[PDB]
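Each remark here refers to the structure printed beneath this line.
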Amino acid sequence: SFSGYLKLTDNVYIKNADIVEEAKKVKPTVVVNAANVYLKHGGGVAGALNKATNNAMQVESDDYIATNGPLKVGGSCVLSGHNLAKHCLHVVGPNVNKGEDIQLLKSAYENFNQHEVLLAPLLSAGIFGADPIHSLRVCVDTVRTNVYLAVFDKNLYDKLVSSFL
Ligand SMILES: CNc1nc2ccc(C3=C(C(=O)O)CCC3)cc2s1
């Protein structure tokens, strides 16, 4: 039941909103988590989504890692969305503050194409160190399915919308 989004391109929408509140209110088929390779949900969007599941996401993630090993940078896995969504697509963008290649941000967003509709944050923003406006450009250039982007910070949201319109 997505509402209040501004359409940027044929398939990319954006809203100034807390992704945790959007997920609770909409219960989308897929919510994207901005994960790391070991699925340790310590801060940023990952910590927020995990806290909203009261750590059910972390317990399930630890079991995925013990059985399957870590993800690769640019890779993803599908796990339960618990109370936030039917599924959580955990996607690893490059941490350019740690020398990880920015080219891998395109590979990360390619994972979204397996799902027709997703609620997502911008990848590699925050502690991962990428420029969020560059991250939105890669999203627009790479994602072919319908993506509803939620951005918490009003100053960042206004900057993104100005660079697009
Ligand atoms: C409890 N809800 C939330 N906690 C956070 C923490 C960080 C963020 C981030 C960004 C943002 O959209 O402003 C970009 C970098 C990290 C978002 C949420 S929503």
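Just remember, in the structure tokens the first chain shown is A, the second B, etc., residues are 1-based per chain, and ligands are 1-based in the order shown.
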
Note to self: Please list as a ChimeraX atom specification every residue within 10 Å of residue 140 in chain A, counting only C-alpha atoms and excluding residues in the same chain fewer than 5 positions away.
What the structure shows: /A:8-13,109,135,147

Item checked: Close residues to ligand 1 using only C-alpha atoms and all ligand atoms, limit 9 Å, as a PyMOL selection string -> chain A and resi 16-21+43-49+51-52+121-128+132+149-157

Item checked: Contacts of residue 92 in chain A at 6 Å (only C-alpha atoms; same-chain gap of 3+ positions) as a PyMOL selection string -> chain A and resi 35-36+73-75

Notebook entry, point to check: Taking only C-alpha atoms into account, which of A:119, A:39, A:143, A:104 comes nearest residue 90 in chain A?
Noted result: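 Using only C-alpha atoms, the shortest distance to residue 90 in chain A belongs to A:39.
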
Notebook entry, point to check: Near range 57-62 of chain A, within 9 Å and counting only C-alpha atoms, which residues show up once chain neighbours fewer than 6 positions away are dropped, as a list in words?
Noted result: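 Counting only C-alpha atoms, the residues come to residues 38, 39, 40, 41, 49, 50, 51, 79, 80, 81 and 82 of chain A.
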
May I have the residues from that selection written out with N, CA and C atoms, as a PDB file, in the first residue's frame?
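That gives us out08.pdb:
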```pdb
ATOM      1  N   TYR A  38      29.023 -10.664   6.471  1.00  0.00           N
ATOM      2  CA  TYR A  38      28.686 -11.604   7.524  1.00  0.00           C
ATOM      3  C   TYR A  38      27.280 -11.391   8.086  1.00  0.00           C
ATOM      4  N   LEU A  39      26.452 -10.509   7.493  1.00  0.00           N
ATOM      5  CA  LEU A  39      25.110 -10.280   7.990  1.00  0.00           C
ATOM      6  C   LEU A  39      25.090  -9.920   9.500  1.00  0.00           C
ATOM      7  N   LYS A  40      26.066  -9.056   9.921  1.00  0.00           N
ATOM      8  CA  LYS A  40      26.064  -8.562  11.300  1.00  0.00           C
ATOM      9  C   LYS A  40      25.441  -7.179  11.246  1.00  0.00           C
ATOM     10  N   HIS A  41      24.236  -7.041  11.805  1.00  0.00           N
ATOM     11  CA  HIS A  41      23.379  -5.857  11.608  1.00  0.00           C
ATOM     12  C   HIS A  41      23.612  -4.860  12.726  1.00  0.00           C
ATOM     13  N   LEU A  49      16.554  -2.130  10.877  1.00  0.00           N
ATOM     14  CA  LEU A  49      15.628  -3.188  10.500  1.00  0.00           C
ATOM     15  C   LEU A  49      15.729  -4.336  11.532  1.00  0.00           C
ATOM     16  N   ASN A  50      16.944  -4.673  11.974  1.00  0.00           N
ATOM     17  CA  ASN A  50      17.089  -5.772  12.935  1.00  0.00           C
ATOM     18  C   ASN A  50      16.382  -5.428  14.253  1.00  0.00           C
ATOM     19  N   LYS A  51      16.612  -4.191  14.756  1.00  0.00           N
ATOM     20  CA  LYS A  51      15.931  -3.791  16.000  1.00  0.00           C
ATOM     21  C   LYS A  51      14.402  -3.850  15.872  1.00  0.00           C
ATOM     22  N   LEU A  79      16.074 -13.891   2.814  1.00  0.00           N
ATOM     23  CA  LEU A  79      15.709 -14.506   4.103  1.00  0.00           C
ATOM     24  C   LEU A  79      14.304 -14.015   4.511  1.00  0.00           C
ATOM     25  N   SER A  80      13.767 -14.427   5.652  1.00  0.00           N
ATOM     26  CA  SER A  80      12.425 -13.973   6.076  1.00  0.00           C
ATOM     27  C   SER A  80      12.419 -12.459   6.336  1.00  0.00           C
ATOM     28  N   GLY A  81      11.285 -11.835   6.058  1.00  0.00           N
ATOM     29  CA  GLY A  81      11.114 -10.419   6.344  1.00  0.00           C
ATOM     30  C   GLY A  81      10.498 -10.229   7.723  1.00  0.00           C
ATOM     31  N   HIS A  82      10.152 -11.349   8.438  1.00  0.00           N
ATOM     32  CA  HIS A  82       9.583 -11.270   9.771  1.00  0.00           C
ATOM     33  C   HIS A  82       8.343 -10.360   9.792  1.00  0.00           C
TER      34      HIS A  82
END
```

Next item on the list: List every residue of range 1-46 of chain A that DSSP, applied to the backbone of this structure, places in alpha helix (DSSP H), and write the result as a PyMOL selection string.
Entry: chain A and resi 19-26+44-46

Keeping C-alpha atoms for every residue in the selection just given, could you write it to a file as a tab-separated table (two decimals), in the first residue's frame?
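What follows is the written file again-v8.tsv:
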```
chain	number	residue	atom	x	y	z
A	19	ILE	CA	12.18	2.64	5.99
A	20	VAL	CA	11.20	0.88	9.28
A	21	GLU	CA	7.89	2.76	9.44
A	22	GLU	CA	7.28	2.25	5.70
A	23	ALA	CA	7.82	-1.51	6.05
A	24	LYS	CA	5.53	-1.74	9.13
A	25	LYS	CA	2.76	0.23	7.36
A	26	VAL	CA	2.98	-1.40	3.90
A	44	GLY	CA	22.67	2.24	9.90
A	45	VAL	CA	19.69	0.73	8.04
A	46	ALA	CA	20.73	-2.86	8.97
```

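The strand (DSSP E) portion of range 68-160 of chain A consists of residues 76, 77, 78, 79, 80, 87, 88, 89, 90, 91, 92, 117, 118, 119, 120, 146, 147, 148, 149, 150 and 151 of chain A, with states taken from DSSP on the backbone.
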
Next item on the list: Kindly indicate which residue among A:30, A:165, A:88, A:37 lies nearest to residue 65 in chain A, using only C-alpha atoms for the distances.
Entry: A:37

Note to self: Residues within 6 Å of residue 105 in chain A, please, as number ranges by chain. Count only C-alpha atoms; anything in the same chain fewer than 3 positions from it doesn't count.
What the structure shows: A: 93, 102, 108

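Across A:67, A:55, A:83, A:114, the tightest approach to residue 28 in chain A is made by A:83 when counting only C-alpha atoms.
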
Next item on the list: Return the single residue from A:14, A:85, A:76, A:4 that is closest to residue 148 in chain A, with distances computed using only C-alpha atoms.
Entry: A:14

Item checked: Top pick for closest residue to residue 97 in chain A, considering A:131, A:56, A:7, A:120 and counting only C-alpha atoms -> A:131
